[PDB]
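K.L.:
partial complex follows, first chain(s) only, in situ:
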Amino acid sequence: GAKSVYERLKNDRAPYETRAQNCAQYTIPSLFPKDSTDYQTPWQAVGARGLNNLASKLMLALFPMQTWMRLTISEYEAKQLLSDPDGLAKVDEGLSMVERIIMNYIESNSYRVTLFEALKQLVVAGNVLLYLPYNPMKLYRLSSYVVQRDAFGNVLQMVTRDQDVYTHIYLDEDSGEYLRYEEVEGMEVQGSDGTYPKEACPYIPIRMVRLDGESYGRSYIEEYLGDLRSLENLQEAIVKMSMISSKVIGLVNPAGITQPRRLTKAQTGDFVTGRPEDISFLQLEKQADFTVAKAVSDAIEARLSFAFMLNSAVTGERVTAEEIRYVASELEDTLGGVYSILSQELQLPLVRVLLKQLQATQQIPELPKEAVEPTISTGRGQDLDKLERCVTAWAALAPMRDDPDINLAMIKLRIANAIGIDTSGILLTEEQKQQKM
């Protein structure tokens, strides 16, 4: 409603962020600043790199910058019945152009690099963006914003912080569209309320892990703190290996003849006048940690990687690309749980909002005919795979075309049922054949 204060909202958010400070701490801070400061860093490089690696993967997959978004009609039973007759061609002109415009917009409006700087962070739990009319995006963080619902995941009251500038984006009563004003510490800047029709206009927070739900969601690399094992281990081996073999102080008894200055002067093969070995070193005693530590770190790297999707072409691996391709595909889905969640905070929202802000009538041109609800491609995946198998078999049945005992057409249809591509373009009817012959 009307209060308005983000202090109460921040109080509601503390545990989610802190779990985030941590997660930030062992990878590539920053990302998050801990809570004159000379730098501190992440020793455990492998944990940090993976995060950067994912990002490329995430950005590309979420949208390849060629043709990601397909705006669908989608068919109403009279809209599919008119057109017919074959105005569908100009439905394509209206849409492709919108599709032609957005693909020249978003790359042209430089969201992608900005999205990538924010997206990567999202692999740390997540964050709000986007404004409308150079027109860039902005990238509010977990130090900044507070949001709610008691709900299934919707938006009720958004709060923001950058400089001090607070925004209220409240869902209203006796209402519908949102209303959103900005404030200073009392009361209003006169940049007034926009009702904001539902999600459209603007600016949705992306959830990421959805558990259980009623929060600004807590994900993710928090599911992987087997890196804690690597980072601690790497540091344990390094100091212990480093300090003993370098810091070799020379103890002398200052009782006489052995004088430190003369000792440095003689060359390796030199003789030096000294008491009988009075001065001696304090090189440390036997230190272990070798075998267990090394294997585990290597073992941890292998376990860690399949999380951060790396092609991981070790053997290395030779034979080779198909094997590499198979490795990528089985591994890729592992993230396929995420894709659905990512898509929900991203494709629908991203295309949905700009399209809604492209209702401005500036060359969007149609005031959208509901519904042109559009969704986002991406994996099908299996359809290429299911289809491929018939060729491997069908190829098998080429030799037996001549034999008269069994009907080949019936047999393919049997294999056809095994790979769920059934009919409609895969079976050839009798009427068609003479035309050729």
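P.N.:
Structure's in. What do you need? Numbers count the residues shown, from 1 in each chain, chains lettered A, B, ... in the order given.

K.L.:
hey, let's count contacts and neighbours off CA atoms from now on
P.N.:
Noted.

K.L.:
Three-state assignment for residue A:119, please.
P.N.:
Counting by DSSP: H, G, I helix; E, B strand; the rest coil, the backbone at residue A:119 sits in helix.

K.L.:
residue contacts, it?
P.N.:
Residues near residue A:119 by CA atoms under 8 Å, 6 or more residues apart in numbering: A:55, A:58, A:59.

K.L.:
quick check on the second one: phi, psi?
P.N.:
In other words, residue A:58. phi -60, psi -50 (degrees, to the nearest 10).

K.L.:
let me know the distance separating residue A:233 from residue A:305.
P.N.:
Computed as CA to CA, to the nearest Å, the residue A:233 to residue A:305 distance reads 17 Å.

K.L.:
cool, and residue A:344?
P.N.:
26 Å.

K.L.:
touching stretch A:293-304 from outside, list them.
P.N.:
Stretch A:293-304 has contacts (CA under 8 Å, 6+ apart) with A:46, A:47, A:226, A:227, A:229, A:230, A:233, A:234, A:237.

K.L.:
returning to that earlier point: need the contacts of residue A:119 in TSV with neighbour count, can you?
P.N.:
TSV is the format used below for the contacts of residue A:119 (neighbours: other CA atoms under 10 Å):
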residue	neighbour count
A:55	20
A:58	20
A:59	18
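
K.L.:
tell me the one of those residues nearest residue A:335?
P.N.:
Residue A:335 lies nearest to residue A:58 out of these, by CA to CA, at 9.8 Å.

K.L.:
what sits against that closest one?
P.N.:
Residue A:58 makes contact with A:119, A:120, according to CA under 8 Å, 6+ apart.

K.L.:
the residue nearest to residue A:244 when sequence neighbours are not counted: helix or strand, and which one exactly?
P.N.:
Nearest residue to residue A:244, sequence neighbours excluded (CA to CA, 6 or more residues apart in numbering): residue A:284, at 5.9 Å. Assigned by DSSP states H and E, residue A:284 belongs to no helix or strand.

K.L.:
repeat for residue A:339
P.N.:
helix A:336-345.

K.L.:
counting by contacts, list what that helix packs against.
P.N.:
When contacts are defined as 3 or more CA pairs under 8 Å, 6 or more residues apart in numbering; DSSP states H and E, helix A:336-345 sits against helix A:45-62.

K.L.:
swap the cut-off to 10 Å and go again
P.N.:
helix A:45-62, helix A:347-357 (3 or more CA pairs under 10 Å, 6 or more residues apart in numbering; DSSP states H and E).

K.L.:
who does the last one touch, helix- and strand-wise?
P.N.:
Using 3+ CA pairs under 10 Å, 6+ apart, the elements in contact with helix A:347-357 are helix A:88-106, helix A:336-345.

K.L.:
put this one in as chain B:
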Amino acid sequence: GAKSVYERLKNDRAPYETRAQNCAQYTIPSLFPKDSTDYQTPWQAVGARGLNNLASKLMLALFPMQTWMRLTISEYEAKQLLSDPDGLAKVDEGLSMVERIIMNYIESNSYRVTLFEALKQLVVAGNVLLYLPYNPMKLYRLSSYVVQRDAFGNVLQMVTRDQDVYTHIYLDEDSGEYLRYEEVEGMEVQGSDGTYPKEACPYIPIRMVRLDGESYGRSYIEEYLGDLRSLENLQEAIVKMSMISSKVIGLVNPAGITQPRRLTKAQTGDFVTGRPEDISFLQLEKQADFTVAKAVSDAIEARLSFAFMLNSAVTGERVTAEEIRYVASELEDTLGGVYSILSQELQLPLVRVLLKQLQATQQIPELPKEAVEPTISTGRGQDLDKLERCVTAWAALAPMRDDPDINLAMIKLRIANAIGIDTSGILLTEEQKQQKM
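P.N.:
Just below you will find chain B, in place on the chains above:
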């Protein structure tokens, strides 16, 4: 009946949850919160990742988001006799459209990511969802709900908790359809009773392990606490490896000449004025744990994985995808015990409930003609495999077509019996042959 209190129901549920706190504890909490607070975590990353990996697998398999659900007629002996005559084509139009609508509904209504956040948890013992009319789902947890039967697994009295909001979903007497009201702590909110025709409308709890049965079921990763071996082992090796090789305190006797500040100052090759080695380190004595621990962890990983159906594309394994494909298929069934149980808390219920809530007459359009009971595809599996073998053999018999001693047709029919694909589309009759020749 009418009481109404979830406190009594929660009391009935304690052991099932706690076994769940635990199971949560060694994998990726959270999931479950244990029972300010900073963070504690799962060291044993491999146990945690597997759970995430399964999820992708589970979601995809349970429903690929292409064409999972096949609504069947199913044939009544006059409905199969009328149609004929060949109105079956418009039975397909009525159904496909329902099928065309649900496939555009569920992906379009964003259940899938929400289902995935809940589904994964289900690989921890399980949980309730779904509401009717943005229209998302909600994802009640083991901290929330209580349910019963003395029975074979049905539903008698459901209780819920989110904020305080309690729901009663009681099976009634002198009855039939369910009735469901919501309450505050006395007595009713006037969102009144819906009879709810049996399962339809709404909102079935998913069981998962069915043992013995009469409960909110207790599964699963509780069948695998050979991870306890890995997690404990990983932590035992890590602290022991870490603490000794890093924390090297320098003991000095404060009796004189050896002064701590001077000691740090000299460079590795420096000489330092000191008593004859008075100060000395307390680097710990020989510590074992190397050989036994490492192999077992590696051994445990191998044993653990075939549980969480990782592709396990190790050698690596170059030969290869057919080999990779065979590995996936034999391994996949291992979970095939689960699929039946998963399907029962999922495909029937999920399609059954929305179809029942699509009886609203909003474009579902038919008030369903009983029975259109629909079921869910998914493995058959063997039928592709059984069928494939005839081609490998039949191919073998191509060479002997010319020889006159033995009848080839009779021989194929013999092999045909070996691979249970018998007849009906695999044998060619005499009448057919001339047409071609």
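
K.L.:
once more on the contacts of residue A:119, this time with chain B?
P.N.:
By CA atoms under 10 Å, 6 or more residues apart in numbering or on different chains, the contact set of residue A:119 is A:54-56, A:58-59, A:62, A:112-113, A:126-127, A:139, A:206, A:342, A:346.

K.L.:
any part of the helix holding residue A:339 near chain B?
P.N.:
Yes: counting by CA under 10 Å from any CA of the partner chain, chain B is contacted by helix A:336-345 at A:336, A:337, A:338, A:339, A:340, A:341, A:342, A:343, A:344.

K.L.:
against chain B, how distant is the residue sitting nearest the centre point of chain A?
P.N.:
What sits nearest the mean C-alpha location of chain A, by CA atoms, centre = their mean, is residue A:58, with 4.1 Å. Per CA to the nearest CA, to the nearest Å, residue A:58 is found 16 Å from chain B.

K.L.:
same question, residue A:105
P.N.:
Using CA to the nearest CA, which is the criterion applied here, residue A:105 is 25 Å from chain B.

K.L.:
remind me which helix or strand the residue lying closest to residue A:30 once chain neighbours are set aside belongs to.
P.N.:
Leaving aside its sequence neighbours, residue A:30 sits nearest to residue A:24 (CA to CA, 6 or more residues apart in numbering or on different chains; 7.0 Å). Assigned by DSSP H and E, residue A:24 belongs to helix A:14-25.

K.L.:
go on, residue A:301?
P.N.:
Per DSSP H and E: residue A:301 is located in helix A:290-305.

K.L.:
in that helix, what counts as buried?
P.N.:
Buried positions in helix A:290-305, judged by neighbour count with 16 or more other CA atoms under 10 Å in any protein chain shown: A:292, A:293, A:296, A:297, A:300, A:301, A:303, A:304.

K.L.:
between these, which sits nearest chain B?
P.N.:
Nearest to chain B among the buried residues of helix A:290-305, counting by CA to the nearest CA, is residue A:292 at 5.0 Å.

K.L.:
and the closest residue to that closest one other than its chain neighbours, how far from residue A:235?
P.N.:
Spatially, and ignoring its direct neighbours in sequence, residue A:292 is nearest to residue B:290 (5.0 Å; CA to CA, 6+ apart). Distance, residue B:290 to residue A:235, using CA to CA: 19 Å.

K.L.:
and residue A:67, which of the three is it?
P.N.:
For residue A:67, the secondary structure call by three-state DSSP comes out as coil.

K.L.:
might you report the residue contacts of it?
P.N.:
By CA under 10 Å, 6+ apart, residue A:67 lies in contact with A:99, A:100, A:102, A:103, A:376, A:377.

K.L.:
now those: which count as buried?
P.N.:
Neighbour-count burial (16+ other CA under 10 Å) applied to these gives A:99, A:102, A:103, A:376.

K.L.:
format the residues you listed as JSON lines; extra columns: distance to chain B.
P.N.:
JSON lines is the format used below for these (distance: CA to the nearest CA, whole Å):
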{"residue": "A:99", "distance to chain B": "20"}
{"residue": "A:102", "distance to chain B": "21"}
{"residue": "A:103", "distance to chain B": "22"}
{"residue": "A:376", "distance to chain B": "11"}
